[PDB]
Structures are given as structure tokens and as C-alpha cells.
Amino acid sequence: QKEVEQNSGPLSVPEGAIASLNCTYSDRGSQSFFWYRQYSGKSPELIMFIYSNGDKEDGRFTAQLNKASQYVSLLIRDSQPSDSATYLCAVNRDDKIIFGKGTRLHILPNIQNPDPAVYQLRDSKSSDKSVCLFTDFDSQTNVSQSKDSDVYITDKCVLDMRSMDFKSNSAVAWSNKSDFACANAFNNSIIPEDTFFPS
């Protein structure tokens, strides 16, 4: 469809700050608009609707509909980890809802004391299979994927030791080779200069 336009992002927003999601629509006869939240494994869930020009607050969400400029917006105050999701803009066209392609939102964790480090982990079963773990880096470290078909690298992923109130990022790399060492594993990426590489 060409009546709901939104940029795919991903948008990165610091934890606590306001996230701003925008969407434009091609037909000024449209009157009824929606924001749907879809977590990565899940179905779209409705979080806000707006049927007249103006503002609307519900908790941390603010939806805004501007008919003169033909845009609709969703503001998320006090961004949390749980807001990381895809946010779908949607307009009613007669009796059917039409969806935009969705904007992906990453709420970046506020890492108190970064301690970037690459560790190697070995299989619980055959202790010749191993894995490299890049962890404890700050939230604006970008992990670069492999352009080496024999090397697999996963993107950033934040975990919460909720009991100890400690968040931490990490990425994982492994290889069909096993002479492959973790020193040269993440080198296709820009990593902190003082990343700890133990021996």
C-alpha cells in the first residue's frame, strides 16, 4: 500500500528519554488512525487510536494527529526496556485497517560501568567446541555482522539480572573452524579500545 508511510529505522533512543515515532498518510479523507505495537515474536497489539485532530495521552504514550500536515505521531515518555518493539502506524480505509511497514525501536540500556571484554566459552559436552562472547560493552557499540561465511556473529542483546539490578549487553561469535581464536573474532567491528582480552 501507498497510504501509510513510515521509516523502518531502527530508531535508537536512550533509556528514560522520549521516543518519537512518525508516520505520514497520502489521503486526506482518512479520519481514523491507530498505533499497533508488535513484539518481535508476536502479533500486533493495539496501543493507541486517534479519530480527531489533536493530542491524546494514555500513560506514557502520547498520540498526535495532524490533518493539515497529514502526519500521525506516537510519543513514548520515559522509555523502558520493554518498549523495544516494532511500532505499526495504521489508518482505517472504509472498513479495513491498512498498516505501514513498521518502525523498529531499540531503547538503549544505560550501562553504569562498562567493562568490555571478549571471553571464550567451551562446550559442556565435547570440550573442543567453543564460542566467543563479547559482553559488558556500552550501548552505542555497534557489532558488525560477518562477511566471512565460516564465521557466525549475533547482534547486541541486553539481559537484566533483575534481582541484582544489573543490565548488560553481549554478542556471540563462533566458527566452523576451532583453531579460530576470539582475539580476531570481533575485529570486523569497531570495539572499545581497552576491551579486555584474557589469555
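In case it trips you up, residue 1 is the first one in the sequence shown, and so on.
19 to 27 and 176 to 184 differ in mean CA B-factor, and the higher of the two is recorded for 176 to 184. Across the two stretches, 125 to 133 and 98 to 106, the PDB entry reports the greater mean Cα temperature factor for 125 to 133. Remark: of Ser40, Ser170, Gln145, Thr62, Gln145 shows the highest value [criterion: C-alpha B-factor in the PDB entry]. Per the deposited record, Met164 carries the highest C-alpha B-factor of all listed residues (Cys157, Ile153, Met48, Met164). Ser73: CA B factor lies in the lowest third for its chain, per the PDB record. Remark: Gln112 belongs to the highest third of its chain, ranked by C-alpha B-factor as recorded.
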